[PDB]
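Cβ sites come from the backbone with ideal geometry, for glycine too, and all protein chains shown count toward neighbours. Just so you know, all these numbers are worked out from the coordinates, no wet-lab data involved.
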Amino acid sequence: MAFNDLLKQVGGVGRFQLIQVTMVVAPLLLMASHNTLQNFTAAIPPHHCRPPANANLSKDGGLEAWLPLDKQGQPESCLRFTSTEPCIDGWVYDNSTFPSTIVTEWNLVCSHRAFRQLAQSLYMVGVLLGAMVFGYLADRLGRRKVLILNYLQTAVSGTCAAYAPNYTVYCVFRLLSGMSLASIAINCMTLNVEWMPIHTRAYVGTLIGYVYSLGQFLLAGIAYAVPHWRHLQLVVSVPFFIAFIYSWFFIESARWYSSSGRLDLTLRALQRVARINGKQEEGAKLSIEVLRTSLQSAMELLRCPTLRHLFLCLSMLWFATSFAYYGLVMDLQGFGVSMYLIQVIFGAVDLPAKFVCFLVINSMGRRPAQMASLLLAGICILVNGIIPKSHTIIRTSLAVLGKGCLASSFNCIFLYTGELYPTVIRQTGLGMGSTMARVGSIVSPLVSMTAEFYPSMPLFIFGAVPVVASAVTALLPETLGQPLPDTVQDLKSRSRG
Amino acid sequence: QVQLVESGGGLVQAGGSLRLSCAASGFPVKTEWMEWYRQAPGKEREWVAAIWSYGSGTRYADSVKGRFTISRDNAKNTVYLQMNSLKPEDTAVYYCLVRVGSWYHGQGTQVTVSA
């Protein structure tokens, strides 16, 4: 007695749905790669002041005479002797490990040390904006035109950021990339959910998680293959161009067409789907009259007191989770092991952690699992930041445990926030939680900016925020009974019980 | 300002013992980088001794480890660089540095090993 009856009537296990959901989720690999790319495209190689050409190195017999040394045994990274004067003839970098990065082209080093993190924060600002406004633009325009526009915008922005004359062009194009990437990330999942029936709901989500992890693998693969940043960004962004090229083959979700007030387009889409699925005979009985007889908010979020407290606590949870996850993910230059190996190890640990938390929530509970993920993650980040830089293998194991914990916390918080809010405002709650996570990813590089006051203080903050979040997460009750609250009044009545 | 008048130079036999001092004023000797550099005649600047504030860390160079040691005196506000087991190639002028970012290169003391 709804569109679902037609969906089973049209299909559900056909070739079209499966091919469309393996063909629209393929670019999520590059979604994850683009999200994390600042690790490989903006790595900081060792550097020092360049001695002026006035002095002759032939009679110097070495470069120690024009370069002070730090406690680590390397030349100073920001300063130069007078015969002391700051780098005024630029810097000198090495090509042993990183042939080129942004901090090599535009010398984003001491007295400009904060600008790489500022570019990352601007990219996350783009993410937040391209979620917040493009959700409304998609609700007003569609879910296929928006997707093709996102593909084109992300490909163009990626290429144009790969060829950036200066730093400001890079920051602006990173903002546009964040716009498009957030829009595609939040639109592909909803299009897949709308088109596919109820049976494979959250099965699509498991597929999305698997694709994200495979993209984490693929980023390290490309980074090993292509180390040059101007080529790495191009290689990671080019397939989005062919994505925009072939994404005209998508079929708009019939649910949105029905919600737009017209059913002729819904009927046409359903007949086309039946045609490709091969069962045209069953879909032939469909008609306009058949469709008609079957297809039949932050204001209140911030007004109601119990809703206010629920939203505040869930907001803090999303904030802390995304904050810590990105602070840990985008800081692996100083982890001893090579970047590619630690990247593939992070991608590897992504899966067993998700399996473990799913088993625990289906066996023990959801709130205890989220607590044990967040607190363990914060403890791991703290003990990672307090351990001296000399240790490498233990630090890397600690970091991979932390990322496993963050992924488990991400899954737990998404499931709990999905099954916690009342059905009246559940979608708005999920959207605002995602917005909170995106502004957390906004603020995390801003916190990492403060490495100048203390080298290990960014890790201190990244680990301290989740601990206080888990400490203040007290009003949220267990949801193992599966009540599925409907209205605010029902939420209040079950709150006491 | 900060003055780093240094004395202790002279003629010492090879392998002899000497305690040169680098007097400081206007700031405690446990706050900044009392480094040391030397110019051998015809050679370039070389790093020999270095300390950091509060004296919990101290690093030397390849030709300096295990043979020479650096000392401090907070009460006298002076840093001392004792010299033992000298070699004929150690003749130089030792420069006292207030900080890694200090333009106050010391006037230097001439140390001779002779025979």
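Counts of other chain beta carbons within 10 angstrom of each beta carbon in peptide A:66-73 average 4.
Remark on the stretch A:299-497: hydrodynamic radius 17.6 angstrom, per the Kirkwood mean of 1/r across alpha carbon pairs.
Put in line by how crowded their Cβ is, counting other Cβ atoms within 10 Å and starting with the fewest, A:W318, B:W33, A:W256, B:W103 read B:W103, B:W33, A:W256, A:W318. Stokes-Einstein diffusion of chain B at 37 °C, 0.692 mPa s viscosity, Kirkwood radius from Cα pairs, rounded to a whole number: 230 µm²/s. In the protein assembly as shown, helical runs assigned H by DSSP with n ≥ 4 each contribute -39500 (n - 2.57); averaged across all residues and rounded to the nearest 500, the mean residue ellipticity at 222 nm is -18000 deg cm²/dmol. The three principal axes of the C-alpha atoms in the stretch B:72-115 carry coordinate ranges of 35, 25, 14 Å, sorted with the longest axis first.
Counting only other chain Cβ atoms within 10 Å of each residue's Cβ, the peptide B:58-70 averages 1. Loop-located chymotrypsin sites (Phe, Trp or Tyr not before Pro) in the stretch A:451-483 (DSSP state other than H, G, I, E, B) with a sparse environment of at most 11 neighbouring Cβ atoms within 10 Å: A:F453.
Between the stretch A:436-458 and the stretch A:41-103, the alpha-carbon centres lie 28 Å apart. As a calculated quantity, the FRET efficiency between A:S260 and A:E85 at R0 = 41 Å, using C-beta atoms, amounts to about 0.05. What the phi angles of the stretch B:61-70 give under the Karplus curve with 6.51, -1.76 and 1.60, with θ = phi - 60°, is a coupling list of 10, 5, 8, 10, 5, x, 10, 10, 9, 10 Hz, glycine and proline written as x. Once you reduce the stretch B:12-77 and the stretch A:355-370 to the center of their Cα atoms, the two points are 60 Å from each other. Its Cα gyration tensor gives chain A an equivalent ellipsoid, and the semi-axes of that ellipsoid, as √(5λ) in whole Å with the largest first, are 46, 28, 19. Of the trypsin sites (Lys or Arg not before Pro) found in the stretch A:23-80, those in coil by DSSP whose Cβ has at most 15 other Cβ atoms within 10 Å are A:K71. Each DSSP beta bridge with both residues in the protein assembly as shown is either parallel or antiparallel, and the antiparallel ones are about 95%. Extent along the principal axes, Cα only, for the stretch A:408-497: 51, 23, 21 Å, with the longest axis given first. Note on A:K403: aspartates and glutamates with a C-alpha under 16 Å away, same-chain residues under 8 apart excluded, are A:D331, A:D350. Database note for chain A: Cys without another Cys beta carbon under 4.7 angstrom, A:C160, A:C171, A:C188, A:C304, A:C313, A:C357, A:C380, A:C405, A:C412. Across all directions, the shadow cast by the convex hull of the stretch A:62-192 built on its C-alpha atoms averages 10.7 square nanometres.
In the structure shown, the pairs A:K8/A:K354; B:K30/B:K65; A:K59/B:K30; A:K389/B:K30; B:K43/B:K65 are assessed against 27 Å; a Cα-Cα span above that value is assigned to A:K8/A:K354; A:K59/B:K30. Phi angles of the stretch A:21-33 translate, via the Karplus equation with coefficients 6.51, -1.76, 1.60 and θ = phi - 60°, into HN-Hα couplings of 7, 8, 9, 8, 9, 4, x, 5, 4, 5, 4, 5, 4 Hz per residue; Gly and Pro are given as x. Karplus-derived 3J(HN,Hα) values for the stretch A:124-133, using 6.51 cos²θ - 1.76 cosθ + 1.60 with θ = phi - 60°, are 5, 4, x, 4, 4, 5, x, 8, 4, 8 Hz; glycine and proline are entered as x. On the beta carbon distance between A:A451 and B:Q107, with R0 = 51 Å, the FRET formula returns roughly 0.85. Cβ-Cβ distance of A:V92 and A:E281, R₀ of 56 Å, FRET efficiency by 1/(1 + (r/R0)^6): the value works out to about 0.15.
Volume per residue of the convex hull around the Cα atoms, evaluated for the stretch A:362-467, comes out as 98 Å³.
For the stretch A:168-186 versus the stretch A:201-253, the inter-centroid distance based on Cα atoms is 15 Å.
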